[PDB]
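Source file: start_16.txt; contents: compact mmCIF, C-alpha atoms (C1' of nucleotides) and all ligand atoms.
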# COMPACT_ATOMS: atom_id res chain seq x y z
CA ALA G 1 2.06 17.18 -11.61
CA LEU G 2 3.37 20.53 -12.94
CA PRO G 3 0.85 20.71 -15.83
CA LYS G 4 -1.89 19.91 -13.32
CA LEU G 5 -0.52 22.52 -10.90
CA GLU G 6 -0.65 25.10 -13.70
CA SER G 7 -4.18 24.05 -14.66
CA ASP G 8 -5.56 23.76 -11.10
CA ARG G 9 -4.38 25.93 -8.21
CA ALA G 10 -4.45 25.08 -4.49
CA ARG G 11 -2.55 21.85 -5.11
CA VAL G 12 0.80 20.55 -3.83
CA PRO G 13 2.15 17.31 -5.34
CA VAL G 14 4.50 16.33 -2.50
CA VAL G 15 5.15 17.73 0.97
CA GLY G 16 8.07 16.63 3.13
CA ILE G 17 9.57 17.49 6.51
CA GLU G 18 12.16 15.90 8.79
CA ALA G 19 11.43 14.72 12.32
CA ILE G 20 13.29 16.65 15.02
CA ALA G 21 15.18 15.07 17.89
CA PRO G 22 13.77 16.79 20.99
CA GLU G 23 15.79 18.82 23.46
CA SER G 24 13.60 17.34 26.21
CA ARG G 25 13.17 13.60 26.78
CA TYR G 26 9.86 13.31 24.88
CA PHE G 27 8.98 14.04 21.26
CA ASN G 28 7.35 17.41 20.59
CA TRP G 29 4.11 16.92 18.66
CA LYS G 30 3.25 20.63 18.73
CA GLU G 31 6.50 21.44 16.92
CA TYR G 32 5.79 18.68 14.40
CA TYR G 33 2.34 20.10 13.67
CA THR G 34 3.51 23.70 13.40
CA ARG G 35 6.47 22.85 11.16
CA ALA G 36 4.34 20.63 8.92
CA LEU G 37 1.87 23.52 8.60
CA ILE G 38 4.69 25.96 7.83
CA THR G 39 6.23 23.69 5.19
CA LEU G 40 2.86 22.92 3.60
CA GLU G 41 1.55 26.48 3.39
CA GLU G 42 4.46 28.96 3.30
CA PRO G 43 5.77 28.11 -0.25
CA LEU G 44 2.38 29.01 -1.73
CA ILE G 45 0.87 32.13 -3.26
CA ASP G 46 -1.63 33.97 -1.07
CA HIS G 47 -4.46 31.52 -1.81
CA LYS G 48 -6.97 32.62 0.81
CA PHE G 49 -7.90 29.57 2.89
CA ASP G 50 -9.51 29.64 6.34
CA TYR G 51 -8.40 26.87 8.68
CA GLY G 52 -10.99 26.07 11.32
CA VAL G 53 -8.81 27.47 14.12
CA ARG G 54 -8.80 31.01 15.49
CA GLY G 55 -5.07 31.54 16.07
CA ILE G 56 -3.47 30.36 12.84
CA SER G 57 -3.74 32.68 9.84
CA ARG G 58 -1.64 34.24 7.10
CA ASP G 59 0.16 37.58 7.34
CA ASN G 60 0.92 40.47 5.00
CA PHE G 61 4.30 39.01 4.00
CA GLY G 62 2.69 35.61 3.33
CA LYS G 63 4.57 33.77 6.08
CA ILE G 64 2.21 31.67 8.18
CA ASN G 65 2.04 32.46 11.89
CA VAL G 66 1.07 30.29 14.87
CA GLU G 67 0.50 31.83 18.28
CA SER G 68 2.29 30.23 21.22
CA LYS G 69 -1.14 30.21 22.91
CA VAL G 70 -2.52 27.81 20.28
CA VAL G 71 -3.13 24.37 21.77
CA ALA G 72 -1.71 21.36 19.92
CA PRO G 73 -4.96 19.53 18.97
CA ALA G 74 -6.15 22.79 17.39
CA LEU G 75 -2.94 22.85 15.34
CA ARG G 76 -3.62 19.22 14.41
CA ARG G 77 -7.13 20.13 13.24
CA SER N 1 -24.93 -8.46 -14.60
CA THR N 2 -22.62 -10.16 -12.10
CA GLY N 3 -19.49 -9.11 -14.03
CA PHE N 4 -17.80 -5.80 -14.68
CA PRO N 5 -18.97 -3.79 -17.72
CA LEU N 6 -17.01 -4.51 -20.89
CA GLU N 7 -17.18 -0.89 -22.07
CA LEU N 8 -14.56 0.32 -19.57
CA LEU N 9 -11.74 -1.32 -21.55
CA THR N 10 -11.78 1.56 -24.04
CA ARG N 11 -12.01 4.03 -21.15
CA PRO N 12 -8.81 5.40 -19.58
CA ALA N 13 -7.11 3.50 -16.77
CA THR N 14 -8.16 6.09 -14.17
CA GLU N 15 -11.81 5.30 -14.91
CA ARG N 16 -11.20 1.58 -14.38
CA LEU N 17 -9.41 2.29 -11.09
CA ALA N 18 -12.26 4.54 -9.94
CA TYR N 19 -14.85 1.91 -10.90
CA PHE N 20 -13.10 -0.93 -9.08
CA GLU N 21 -12.28 1.18 -6.01
CA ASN N 22 -16.00 1.79 -5.41
CA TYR N 23 -17.09 -1.86 -5.62
CA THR N 24 -18.09 -3.14 -2.16
CA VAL N 25 -18.72 -6.89 -2.10
CA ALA N 26 -21.58 -8.05 0.12
CA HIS N 27 -20.07 -11.12 1.74
CA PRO N 28 -22.40 -13.05 4.07
CA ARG N 29 -20.70 -11.81 7.25
CA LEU N 30 -21.03 -8.16 6.21
CA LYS N 31 -24.74 -8.41 5.40
CA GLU N 32 -25.43 -10.53 8.49
CA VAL N 33 -23.78 -7.94 10.74
CA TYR N 34 -25.62 -5.21 8.83
CA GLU N 35 -28.96 -6.91 9.51
CA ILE N 36 -28.11 -7.38 13.20
CA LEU N 37 -27.09 -3.72 13.51
CA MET N 38 -30.23 -2.55 11.71
CA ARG N 39 -32.42 -4.69 13.98
CA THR N 40 -30.66 -3.25 17.04
CA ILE N 41 -31.05 0.31 15.72
CA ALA N 42 -34.75 -0.08 14.90
CA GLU N 43 -35.61 -1.46 18.35
CA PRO N 44 -32.86 -0.62 20.87
CA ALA N 45 -34.45 -2.61 23.74
CA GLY N 46 -33.46 0.20 26.09
CA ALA N 47 -29.75 -0.14 25.32
CA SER N 48 -27.46 2.79 24.58
CA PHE N 49 -24.26 1.11 23.33
CA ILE N 50 -23.78 -1.03 20.21
CA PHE N 51 -20.12 -2.07 20.62
CA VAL N 52 -18.85 -3.70 17.41
CA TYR N 53 -15.51 -5.49 17.14
CA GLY N 54 -13.35 -6.83 14.33
CA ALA N 55 -9.66 -6.92 13.42
CA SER N 56 -8.40 -4.33 10.95
CA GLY N 57 -9.60 -5.18 7.46
CA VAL N 58 -12.96 -6.78 8.24
CA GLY N 59 -14.88 -3.84 6.77
CA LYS N 60 -16.26 -1.94 9.76
CA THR N 61 -15.93 1.50 8.15
CA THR N 62 -17.75 0.47 4.97
CA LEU N 63 -20.40 -1.16 7.15
CA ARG N 64 -20.75 2.21 8.89
CA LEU N 65 -21.09 3.98 5.54
CA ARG N 66 -23.71 1.49 4.35
CA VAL N 67 -25.74 1.88 7.54
CA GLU N 68 -25.43 5.67 7.30
CA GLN N 69 -26.71 5.71 3.72
CA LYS N 70 -29.50 3.23 4.47
CA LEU N 71 -30.76 5.17 7.49
CA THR N 72 -30.58 8.47 5.61
CA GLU N 73 -32.60 7.07 2.70
CA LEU N 74 -35.05 5.46 5.14
CA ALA N 75 -35.66 8.80 6.85
CA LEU N 76 -35.70 10.68 3.52
CA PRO N 77 -39.53 10.83 3.15
CA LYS N 78 -39.86 12.67 6.48
CA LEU N 79 -37.05 15.25 6.40
CA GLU N 80 -38.86 17.28 3.73
CA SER N 81 -41.06 18.87 6.41
CA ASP N 82 -38.96 18.21 9.54
CA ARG N 83 -35.68 20.12 9.62
CA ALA N 84 -32.86 20.02 12.19
CA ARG N 85 -33.27 16.23 11.96
CA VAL N 86 -29.91 14.93 10.75
CA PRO N 87 -30.47 11.15 10.47
CA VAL N 88 -27.10 9.71 11.52
CA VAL N 89 -23.85 11.29 12.72
CA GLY N 90 -20.61 9.39 12.21
CA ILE N 91 -17.27 10.57 13.60
CA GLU N 92 -13.79 9.08 14.05
CA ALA N 93 -12.03 9.08 17.42
CA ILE N 94 -8.79 11.02 17.77
CA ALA N 95 -5.64 9.24 18.90
CA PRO N 96 -4.30 11.39 21.76
CA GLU N 97 -0.84 12.91 21.51
CA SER N 98 -0.52 12.74 25.31
CA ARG N 99 -1.02 9.72 27.57
CA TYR N 100 -4.75 10.35 28.06
CA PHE N 101 -7.68 10.62 25.68
CA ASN N 102 -8.76 14.21 25.10
CA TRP N 103 -12.47 14.84 25.64
CA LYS N 104 -12.54 18.53 24.74
CA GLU N 105 -11.31 17.63 21.25
CA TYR N 106 -13.92 14.86 21.00
CA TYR N 107 -16.67 17.30 21.96
CA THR N 108 -15.52 19.97 19.51
CA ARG N 109 -15.19 17.50 16.63
CA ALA N 110 -18.64 16.08 17.37
CA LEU N 111 -19.97 19.64 17.34
CA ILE N 112 -18.18 20.43 14.06
CA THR N 113 -19.53 17.31 12.34
CA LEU N 114 -23.03 18.41 13.39
CA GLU N 115 -22.54 21.85 11.75
CA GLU N 116 -23.31 23.47 15.11
CA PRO N 117 -22.68 27.23 14.82
CA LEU N 118 -20.71 29.36 17.27
CA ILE N 119 -18.58 26.61 18.81
CA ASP N 120 -15.98 29.17 19.93
CA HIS N 121 -18.70 31.16 21.74
CA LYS N 122 -20.17 28.40 23.92
CA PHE N 123 -21.33 29.17 27.46
CA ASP N 124 -21.71 27.01 30.57
CA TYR N 125 -25.14 27.36 32.19
CA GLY N 126 -24.27 26.24 35.70
CA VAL N 127 -15.84 17.45 34.29
CA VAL N 128 -14.03 18.31 31.04
CA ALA N 129 -15.32 21.25 28.99
CA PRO N 130 -18.75 21.70 30.63
CA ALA N 131 -19.85 24.23 27.99
CA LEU N 132 -18.91 21.98 25.06
CA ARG N 133 -20.41 18.96 26.85
CA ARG N 134 -23.75 20.69 27.41
CA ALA N 135 -23.69 21.99 23.83
CA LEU N 136 -23.16 18.49 22.44
CA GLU N 137 -25.92 17.14 24.69
CA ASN N 138 -28.37 19.78 23.46
CA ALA N 139 -27.34 19.21 19.84
CA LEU N 140 -27.97 15.48 20.20
CA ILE N 141 -31.34 16.08 21.89
CA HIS N 142 -32.57 18.56 19.27
CA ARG N 143 -30.97 17.35 16.03
CA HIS N 144 -32.12 13.88 17.13
CA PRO N 145 -29.70 11.57 15.29
CA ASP N 146 -30.79 7.96 14.99
CA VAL N 147 -27.31 6.60 15.75
CA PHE N 148 -24.02 8.23 16.77
CA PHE N 149 -21.23 6.28 15.09
CA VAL N 150 -17.73 6.55 16.59
CA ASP N 151 -15.22 4.76 14.37
CA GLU N 152 -11.79 3.83 15.75
CA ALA N 153 -13.29 3.48 19.22
CA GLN N 154 -10.18 1.67 20.49
CA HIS N 155 -8.52 5.07 21.04
CA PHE N 156 -10.87 5.60 23.99
CA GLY N 157 -8.70 3.21 26.01
CA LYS N 158 -5.60 5.39 25.87
CA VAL N 159 -5.52 6.09 29.61
CA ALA N 160 -2.72 3.78 30.91
CA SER N 161 -4.57 3.09 34.16
CA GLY N 162 -6.46 0.00 35.28
CA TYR N 163 -8.54 2.06 37.72
CA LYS N 164 -9.38 4.58 34.97
CA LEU N 165 -9.74 2.38 31.86
CA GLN N 166 -13.42 1.66 32.53
CA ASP N 167 -14.06 5.13 33.98
CA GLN N 168 -12.79 6.89 30.84
CA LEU N 169 -16.15 5.99 29.23
CA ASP N 170 -18.26 7.78 31.87
CA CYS N 171 -18.51 10.87 29.65
CA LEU N 172 -20.07 8.89 26.81
CA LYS N 173 -22.22 6.90 29.23
CA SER N 174 -23.71 10.06 30.76
CA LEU N 175 -24.04 11.71 27.34
CA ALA N 176 -26.01 8.70 26.07
CA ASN N 177 -28.11 8.38 29.24
CA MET N 178 -29.52 11.92 29.33
CA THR N 179 -29.85 12.51 25.57
CA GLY N 180 -31.14 9.08 24.52
CA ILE N 181 -28.76 8.74 21.56
CA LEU N 182 -27.55 5.32 20.45
CA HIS N 183 -23.74 5.16 20.45
CA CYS N 184 -22.34 2.52 18.08
CA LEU N 185 -18.64 2.22 18.90
CA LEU N 186 -16.89 0.54 15.97
CA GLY N 187 -13.43 -0.64 16.92
CA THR N 188 -10.76 -3.29 16.58
CA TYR N 189 -10.16 -6.04 19.12
CA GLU N 190 -8.58 -3.59 21.57
CA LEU N 191 -12.12 -2.42 22.41
CA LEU N 192 -12.61 -5.69 24.34
CA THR N 193 -10.49 -4.15 27.11
CA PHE N 194 -13.64 -3.04 28.95
CA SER N 195 -24.60 -2.52 25.80
CA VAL N 196 -24.97 -4.75 22.73
CA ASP N 197 -21.99 -6.71 21.39
CA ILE N 198 -21.52 -7.57 17.71
CA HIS N 199 -18.61 -9.60 16.34
CA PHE N 200 -17.24 -9.00 12.83
CA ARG N 201 -15.63 -12.41 12.52
CA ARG N 202 -13.24 -13.16 9.67
CA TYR N 203 -13.20 -16.40 7.64
CA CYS N 204 -11.29 -18.85 9.83
CA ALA N 205 -9.83 -21.77 7.89
CA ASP N 206 -11.01 -24.38 10.42
CA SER N 207 -14.63 -24.12 9.27
CA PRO N 208 -15.18 -25.21 5.63
CA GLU N 209 -18.11 -22.79 5.29
CA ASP N 210 -15.74 -19.86 5.86
CA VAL N 211 -13.42 -21.30 3.21
CA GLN N 212 -16.34 -21.50 0.78
CA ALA N 213 -17.33 -17.91 1.55
CA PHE N 214 -13.74 -16.73 1.06
CA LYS N 215 -13.54 -18.50 -2.30
CA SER N 216 -16.90 -16.95 -3.26
CA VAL N 217 -15.76 -13.41 -2.45
CA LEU N 218 -12.45 -14.10 -4.20
CA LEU N 219 -14.26 -15.22 -7.36
CA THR N 220 -16.61 -12.23 -7.34
CA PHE N 221 -13.57 -9.99 -6.85
CA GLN N 222 -11.84 -11.57 -9.85
CA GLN N 223 -14.98 -11.14 -11.96
CA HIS N 224 -15.13 -7.38 -11.34
CA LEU N 225 -11.43 -6.74 -12.00
CA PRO N 226 -11.20 -4.58 -15.18
CA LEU N 227 -8.71 -6.46 -17.36
CA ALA N 228 -8.94 -7.66 -20.94
CA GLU N 229 -8.44 -11.29 -19.83
CA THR N 230 -10.00 -12.56 -16.61
CA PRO N 231 -7.21 -13.46 -14.16
CA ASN N 232 -7.41 -16.86 -12.49
CA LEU N 233 -7.21 -16.33 -8.73
CA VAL N 234 -9.14 -19.12 -6.96
CA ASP N 235 -6.27 -21.56 -7.55
CA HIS N 236 -4.04 -19.63 -5.14
CA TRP N 237 -6.74 -19.35 -2.50
CA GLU N 238 -4.23 -20.74 -0.01
CA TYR N 239 -1.84 -17.89 -0.83
CA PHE N 240 -4.67 -15.35 -0.73
CA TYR N 241 -5.61 -16.63 2.73
CA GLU N 242 -2.04 -16.75 4.07
CA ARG N 243 -1.37 -13.04 3.53
CA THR N 244 -4.96 -12.02 4.37
CA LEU N 245 -6.10 -14.37 7.21
CA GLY N 246 -9.63 -14.11 5.80
CA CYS N 247 -10.37 -10.36 5.90
CA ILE N 248 -12.35 -9.10 2.91
CA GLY N 249 -11.11 -5.54 3.43
CA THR N 250 -7.35 -5.94 3.03
CA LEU N 251 -8.00 -8.39 0.20
CA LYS N 252 -9.72 -5.52 -1.61
CA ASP N 253 -6.77 -3.16 -1.26
CA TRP N 254 -4.28 -5.91 -2.13
CA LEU N 255 -6.20 -6.48 -5.35
CA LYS N 256 -6.32 -2.71 -5.83
CA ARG N 257 -2.52 -2.51 -5.63
CA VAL N 258 -2.10 -5.39 -8.07
CA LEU N 259 -4.71 -4.01 -10.49
CA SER N 260 -3.14 -0.54 -10.45
CA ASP N 261 0.27 -2.04 -11.16
CA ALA N 262 -1.21 -4.05 -14.04
CA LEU N 263 -2.99 -1.01 -15.50
CA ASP N 264 0.11 1.19 -15.26
CA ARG N 265 2.01 -1.37 -17.37
CA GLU N 266 -0.90 -1.73 -19.84
CA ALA N 267 -1.08 -5.40 -18.90
CA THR N 268 -3.95 -7.82 -19.50
CA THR N 269 -3.89 -10.38 -16.67
CA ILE N 270 -2.56 -11.08 -13.16
CA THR N 271 0.06 -13.72 -12.36
CA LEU N 272 1.51 -14.96 -9.08
CA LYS N 273 4.52 -12.63 -9.14
CA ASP N 274 2.25 -9.60 -9.56
CA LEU N 275 0.49 -10.50 -6.31
CA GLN N 276 3.84 -11.25 -4.64
CA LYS N 277 5.07 -7.76 -5.53
CA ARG N 278 2.25 -6.08 -3.58
CA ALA N 279 1.71 -8.74 -0.91
CA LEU N 280 1.73 -8.14 2.82
CA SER N 281 4.98 -8.78 4.67
CA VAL N 282 5.58 -12.12 6.36
CA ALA N 283 6.05 -10.42 9.74
CA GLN N 284 3.06 -8.12 9.22
CA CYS N 285 0.70 -11.08 8.87
CA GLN N 286 2.28 -12.70 11.93
CA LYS N 287 1.64 -9.60 14.06
CA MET N 288 -1.90 -9.29 12.69
CA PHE N 289 -2.59 -12.95 13.47
CA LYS N 290 -1.21 -12.56 17.00
CA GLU N 291 -3.49 -9.58 17.65
CA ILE N 292 -6.54 -11.31 16.14
CA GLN N 293 -5.79 -14.46 18.17
CA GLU N 294 -5.65 -12.38 21.35
CA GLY N 295 -8.97 -10.76 20.45
CA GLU N 296 -10.59 -14.10 19.63
CA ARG N 297 -9.37 -15.60 22.90
CA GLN N 298 -10.75 -12.59 24.78
CA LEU N 299 -14.12 -12.98 23.03
CA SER N 300 -14.12 -16.78 23.36
CA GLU N 301 -15.69 -16.69 26.84
CA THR N 302 -19.12 -18.34 26.83
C1' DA M 1 11.31 2.07 54.75
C1' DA M 2 13.87 5.28 52.15
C1' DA M 3 14.31 7.19 47.47
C1' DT M 4 12.56 8.88 43.21
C1' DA M 5 8.38 10.33 40.16
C1' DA M 6 4.49 12.95 39.12
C1' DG M 7 0.14 15.19 39.40
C1' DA M 8 -2.29 19.35 42.07
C1' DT M 9 -2.48 23.88 43.65
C1' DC M 10 -1.17 28.77 44.21
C1' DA M 11 0.82 32.74 42.27
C1' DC M 12 2.33 35.66 38.76
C1' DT M 13 2.81 37.09 33.61
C1' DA M 14 1.74 38.02 28.87
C1' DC M 15 -1.82 38.02 25.13
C1' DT M 16 -5.82 38.80 22.74
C1' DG M 17 -11.10 39.04 21.98
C1' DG M 18 -14.54 42.23 22.36
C1' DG M 19 -19.61 44.94 24.36
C1' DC M 20 -22.80 48.45 27.10
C1' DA M 21 -24.52 52.97 28.77
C1' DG M 22 -25.45 56.48 25.84
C1' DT M 23 -26.22 59.82 21.88
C1' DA M 24 -28.22 61.23 17.33
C1' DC M 25 -31.54 61.51 13.07
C1' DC M 26 -35.79 61.18 10.18
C1' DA M 27 -39.88 61.47 8.75
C1' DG M 28 -44.72 58.66 9.62
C1' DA M 29 -48.29 58.77 12.75
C1' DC M 30 -51.74 59.76 16.47
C1' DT M 31 -54.29 63.13 19.46
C1' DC M 32 -56.45 67.22 20.41
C1' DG M 33 -56.07 73.10 21.51
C1' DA M 34 -58.01 76.42 18.96
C1' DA M 35 -60.68 77.96 15.83
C1' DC M 36 -64.30 77.95 11.41
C1' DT M 37 -68.72 77.31 9.75
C1' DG M 38 -73.43 75.71 8.97
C1' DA M 39 -78.14 73.77 10.88
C1' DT M 40 -81.66 74.67 14.36
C1' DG M 41 -85.24 75.72 17.88
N1 LIG G 401 -16.31 -5.54 1.64
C1 LIG G 401 -15.56 -4.61 1.03
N2 LIG G 401 -15.65 -4.50 -0.32
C2 LIG G 401 -14.90 -3.58 -0.94
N3 LIG G 401 -14.04 -2.72 -0.41
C3 LIG G 401 -13.97 -2.85 0.92
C4 LIG G 401 -14.68 -3.75 1.70
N4 LIG G 401 -14.35 -3.61 3.04
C5 LIG G 401 -13.46 -2.64 3.03
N5 LIG G 401 -13.19 -2.13 1.79
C6 LIG G 401 -12.26 -1.06 1.46
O1 LIG G 401 -11.33 -0.93 2.53
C7 LIG G 401 -11.11 0.47 2.82
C8 LIG G 401 -11.63 0.79 4.20
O2 LIG G 401 -10.93 -0.02 5.17
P1 LIG G 401 -11.51 -1.41 5.66
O3 LIG G 401 -13.03 -1.29 5.71
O4 LIG G 401 -10.98 -2.52 4.83
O5 LIG G 401 -11.00 -1.50 7.15
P2 LIG G 401 -11.66 -1.63 8.60
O6 LIG G 401 -10.98 -2.80 9.31
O7 LIG G 401 -13.13 -1.69 8.53
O8 LIG G 401 -11.15 -0.30 9.30
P3 LIG G 401 -10.10 0.17 10.39
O9 LIG G 401 -8.95 -0.83 10.27
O10 LIG G 401 -9.69 1.58 10.16
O11 LIG G 401 -10.81 -0.05 11.73
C9 LIG G 401 -11.77 1.24 1.69
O12 LIG G 401 -10.87 1.46 0.61
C10 LIG G 401 -12.92 0.31 1.28
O13 LIG G 401 -13.31 0.50 -0.07
MG MG G 402 -11.68 1.83 9.73

Whole structure given in structure tokens:
Amino acid sequence: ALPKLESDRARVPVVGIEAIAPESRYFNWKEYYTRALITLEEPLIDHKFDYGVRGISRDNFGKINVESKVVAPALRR
Amino acid sequence: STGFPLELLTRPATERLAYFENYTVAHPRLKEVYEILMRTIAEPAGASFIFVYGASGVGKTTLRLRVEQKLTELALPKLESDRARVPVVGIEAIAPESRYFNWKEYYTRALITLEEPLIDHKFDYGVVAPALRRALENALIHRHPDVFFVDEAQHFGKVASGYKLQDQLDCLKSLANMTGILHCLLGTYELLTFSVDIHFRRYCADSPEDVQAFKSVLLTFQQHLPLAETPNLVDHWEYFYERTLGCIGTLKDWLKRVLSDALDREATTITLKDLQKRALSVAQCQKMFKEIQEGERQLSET
DNA sequence: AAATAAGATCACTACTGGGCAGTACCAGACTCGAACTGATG
């Protein structure tokens, strides 16, 4: 997809994360959502995109930030 | 004509894949259920729930899309003057991450799909999310949708409580009572765990008419497959029914897999091994048949 | 029946949107003190 990535921006060919064994006794879906969002968006140029959630946005350094106040279905959206 | 255009052979393989992926066969069950649903929508008879069943792969979602398009084009002459009159709203239920279905998320997604502004600034003017609930009620009253489709309605039952399984639907019941909006809950056979009932039956092999219909849809699928040489498929109808159980939806994506594999190799026809490569697993069909048998037994009460 | 879970409630903590009583300006416009001036019995 590299020629297509060069031709068209805002495009990732493949994204991949690893599931995390939880410290508690139940799987953490909020951590899954936030880490998938970090992996998907952080290794990108500052392509201005507005997710439909108030808390999550980009920063000056480009690293994505998620407030601890953000509720998990909002992260999923 | 009844066959695929012969000009796509010179076109690139992506064009052939795009053409075949958009072909939606009108098998008799699909059009019969479509007519029943349209008759129910036109005259509701005072009902407010249009529960529709069917195991995965019958074609409920495409039926929803067809009904959406048909109702939009039916209303089209009268939205030129009347605005804020979205014909039909169709949403997909969210599988909860916790043990219980989330109703705040349902309300906010229903509001988003209606393009309702200022969702974050809602107010409660005197329950779960009263402000969002009242906002959705007002949006349904004023936008006046003909039907409110909720695909994947089986996720409403994620409550893990016998004394709360039926009560989980009180929010939708009250939202449909006081706004007068038809709620057509499309779901798999889990939805029978609980009003007009429609059954999206597959093609059971016991009845010869279903076998004839399955062979008909198989032939019309083979006619529209974009290959240089038309692949013979009706001979292995027994194989195509073993891994499909008679669902015209998963047959379509099975053929899509096989056709994409053929096109990627610049092939010209489909053999048995090509279908075997992209066939459903032996255990997968067993689990699917167990679930569909449970649903059929649940719906078998007369 | 005793033991082990689990939701409900109170209480405190940290975080982040975000508006109202109030001031200021700039000509356009209306209304009428005060006067000016001409016709008239
Ligand atoms: N009759 C049909 N003709 C052509 N394609 C179809 C048909 N029915 C379904 N599809 C295809 O199947 C996909 C949609 O899933 P499908 O309708 O088969 O499943 P469903 O059982 O209705 O849905 P779900 O399992 O999510 O409840 C799309 O790719 C659509 O093109
Ligand atoms: Mg579906």

**Request:** Tell me the residues of chain M close to chain G, meaning within 12 Å using all atoms listed in the file, as a VMD selection string.
**Result:** chain M and resid 14 to 17

Enumerate as an mmCIF file with C-alpha atoms, keeping the file's coordinate frame the residues belonging to chain N that approach chain G to within 9 Å, with all atoms listed in the file taken into account.
data_model
loop_
_atom_site.group_PDB
_atom_site.id
_atom_site.type_symbol
_atom_site.label_atom_id
_atom_site.label_comp_id
_atom_site.auth_asym_id
_atom_site.auth_seq_id
_atom_site.Cartn_x
_atom_site.Cartn_y
_atom_site.Cartn_z
ATOM 1 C CA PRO N 96 -4.300 11.390 21.760
ATOM 2 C CA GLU N 97 -0.840 12.910 21.510
ATOM 3 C CA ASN N 102 -8.760 14.210 25.100
ATOM 4 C CA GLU N 105 -11.310 17.630 21.250
ATOM 5 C CA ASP N 120 -15.980 29.170 19.930
#

**Request:** Check which residues fall inside 12 Å of ligand MG 402 (chain G) when counting all atoms listed in the file, and print them as a count of residues only.
**Result:** 30

Exercise: residue N:146 partners within 12 Å, all atoms listed in the file, chain neighbours under 5 positions left out, as a tab-separated table (two decimals) with C-alpha atoms, keeping the file's coordinate frame:
chain	number	residue	atom	x	y	z
N	38	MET	CA	-30.23	-2.55	11.71
N	40	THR	CA	-30.66	-3.25	17.04
N	41	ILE	CA	-31.05	0.31	15.72
N	42	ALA	CA	-34.75	-0.08	14.90
N	43	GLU	CA	-35.61	-1.46	18.35
N	44	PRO	CA	-32.86	-0.62	20.87
N	48	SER	CA	-27.46	2.79	24.58
N	67	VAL	CA	-25.74	1.88	7.54
N	68	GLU	CA	-25.43	5.67	7.30
N	70	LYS	CA	-29.50	3.23	4.47
N	71	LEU	CA	-30.76	5.17	7.49
N	72	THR	CA	-30.58	8.47	5.61
N	74	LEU	CA	-35.05	5.46	5.14
N	75	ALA	CA	-35.66	8.80	6.85
N	85	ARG	CA	-33.27	16.23	11.96
N	86	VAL	CA	-29.91	14.93	10.75
N	87	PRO	CA	-30.47	11.15	10.47
N	88	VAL	CA	-27.10	9.71	11.52
N	89	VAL	CA	-23.85	11.29	12.72
N	90	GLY	CA	-20.61	9.39	12.21
N	140	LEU	CA	-27.97	15.48	20.20
N	141	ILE	CA	-31.34	16.08	21.89
N	179	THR	CA	-29.85	12.51	25.57
N	180	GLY	CA	-31.14	9.08	24.52
N	181	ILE	CA	-28.76	8.74	21.56
N	182	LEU	CA	-27.55	5.32	20.45
N	183	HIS	CA	-23.74	5.16	20.45
N	184	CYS	CA	-22.34	2.52	18.08

**Asked** With only C-alpha atoms (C1' of nucleotides) as the atoms that count, which of N:198, N:19, N:121, N:80 lies nearest to chain M?
**Response** N:121

When you look at stretch 277-291 of chain N with a cut-off of 7 Å (counting only C-alpha atoms (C1' of nucleotides)), what residues show up, excluding the ones that are within fewer than 2 positions of it in the same chain? I need them as a short mmCIF file (atom, residue, chain, number, x, y, z; two decimals) with C-alpha atoms, in the coordinates of the input.
data_model
loop_
_atom_site.label_atom_id
_atom_site.label_comp_id
_atom_site.auth_asym_id
_atom_site.auth_seq_id
_atom_site.Cartn_x
_atom_site.Cartn_y
_atom_site.Cartn_z
CA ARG N 243 -1.37 -13.04 3.53
CA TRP N 254 -4.28 -5.91 -2.13
CA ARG N 257 -2.52 -2.51 -5.63
CA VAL N 258 -2.10 -5.39 -8.07
CA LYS N 273 4.52 -12.63 -9.14
CA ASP N 274 2.25 -9.60 -9.56
CA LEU N 275 0.49 -10.50 -6.31
CA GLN N 293 -5.79 -14.46 18.17
CA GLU N 294 -5.65 -12.38 21.35
CA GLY N 295 -8.97 -10.76 20.45
#

**Message:** Please list as a ChimeraX atom specification every residue within 12 Å of residue G:65, counting all atoms listed in the file and excluding residues in the same chain fewer than 4 positions away.
**Reply:** /G:34-35,37-39,41-42,54-61,69-70,75

**Request:** May I ask for the distance between atom CA of residue N:216 and atom CA of residue N:242, given in Å to one decimal place?
**Result:**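 Rounded to one decimal, the two atoms are 16.6 Å apart.
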
Coordinates of stretch 1-16 of chain N, C-alpha atoms, as an mmCIF file, in the first residue's frame:
data_model
loop_
_atom_site.group_PDB
_atom_site.id
_atom_site.type_symbol
_atom_site.label_atom_id
_atom_site.label_comp_id
_atom_site.auth_asym_id
_atom_site.auth_seq_id
_atom_site.Cartn_x
_atom_site.Cartn_y
_atom_site.Cartn_z
ATOM 1 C CA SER N 1 -30.654 -9.207 -19.249
ATOM 2 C CA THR N 2 -30.627 -11.950 -16.614
ATOM 3 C CA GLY N 3 -26.855 -12.432 -16.912
ATOM 4 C CA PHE N 4 -23.855 -10.321 -16.013
ATOM 5 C CA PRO N 5 -22.607 -7.828 -18.633
ATOM 6 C CA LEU N 6 -19.932 -9.223 -20.936
ATOM 7 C CA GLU N 7 -18.048 -5.905 -21.109
ATOM 8 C CA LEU N 8 -16.585 -6.260 -17.596
ATOM 9 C CA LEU N 9 -14.131 -8.942 -18.760
ATOM 10 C CA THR N 10 -11.872 -6.262 -20.249
ATOM 11 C CA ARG N 11 -12.334 -4.162 -17.105
ATOM 12 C CA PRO N 12 -9.925 -4.596 -14.171
ATOM 13 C CA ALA N 13 -10.603 -7.232 -11.532
ATOM 14 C CA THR N 14 -11.534 -4.613 -8.926
ATOM 15 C CA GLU N 15 -14.428 -3.495 -11.130
ATOM 16 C CA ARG N 16 -15.709 -7.076 -11.401
#
